[PDB]
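Visitor: no FASTA, just this:
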Ligand SMILES: [Zn+2]
C-alpha cells in the first residue's frame, strides 16, 4: 500500500487526509 499521506512540498507525513490537506494549504509561503 504505497503511502499516500505524503506532502509534495516537504514529503511531510500526515496522520490523516484532512490534516494533510491543511498542512499543504499553508506549507507554501
Ligand atoms: Zn508540507
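Guide: In hand now; what should we look at? Numbering: from 1, shown residues only.
Visitor: quick check, residue 23 in a helix?
Guide: Yes: using DSSP: H, G, I helix; E, B strand; the rest coil, the assignment for residue 23 is a helix.
Visitor: my guess is it meets residue 14, correct?
Guide: Yes: using CB atoms under 8 Å, residue 23 is in contact with residue 14, at 6.0 Å. Any C-beta I mention is one placed from the backbone N, CA and C, and that applies to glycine too.
Visitor: Pull the number of nearby residues for residue 9.
Guide: Number of residues near residue 9 (other CB atoms under 10 Å) recorded here: 12.
Visitor: What sits closest to it if chain neighbours are left out?
Guide: Excluding its sequence neighbours, the residue lying closest to residue 9 (CB to CB, 6 or more residues apart in numbering) is residue 27, at 4.3 Å.
Visitor: List the contacts of the one you found.
Guide: 7, 9-10, 12 (CB atoms under 8 Å, 6 or more residues apart in numbering).
Visitor: Right, I'll call it a day here.
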